[PDB]
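In the numbering used here, the protein residues as written are 3 to 113.
Cβ atoms here follow ideal geometry from the backbone N, Cα and C, with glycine treated the same way.
Report on the following structure.
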């Protein structure tokens with residue numbers, strides 16, 4: 003009615019989607035934080051330990067969020083590698099792919 007100001011950054015204003023401005027917390031807290039909304043399965047390598055804070059533009063949807071999680075890892079020194087239905091987050095600074103010893107096939111000797 004009167005005193006038309008409204009000059010405060012107090013209003014977060016959830017525009018039908020979740021705003022993401024997190025503060026440096028444990029990486030696995032955030033990997034659970036993202037899976038909480040995304041509904042996705044994650045596999046965290048024991049070497050994945052550090053601080054992560056997802057800060058992004060206006061409210062993010064489930065997929066939108068997950069896309070920023072992929073970026074926050076790259077800043078953190080980690081990466082998410084989808085292993086089928088489960089996504090594995092590992093330290094890309096140490097391991098990006100790491101071809102396993104089970105890459106020799108089946109090896110079927112003729113005799």
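Taking all protein chains shown into account, residue 33 has 16 or more neighbouring C-beta atoms within 10 Å of its C-beta and is therefore buried. Between residue 92 and residue 43, the CB-CB gap reaches or exceeds 8 Å.
Counting only runs that start and end inside the region 40-106, the alpha helix (DSSP H) elements of at least 4 residues fall at 64-78.
Sorting 108, 83, 106, 73 by C-alpha distance to the C-alpha of residue 99 places 83 at the top. By the neighbour-count definition (other C-beta atoms within 10 Å, threshold 16), residue 54 is a buried residue. Beta-carbon to beta-carbon, residue 21 and residue 40 are separated by about 15 Å, too far to satisfy the 8 Å threshold. Taking C-alpha positions only, residue 96 is separated from residue 79 by approximately 9 Å. Distances from the CA of residue 58 to each of 18, 25, 113 were compared; the closest alpha carbon is that of 25.
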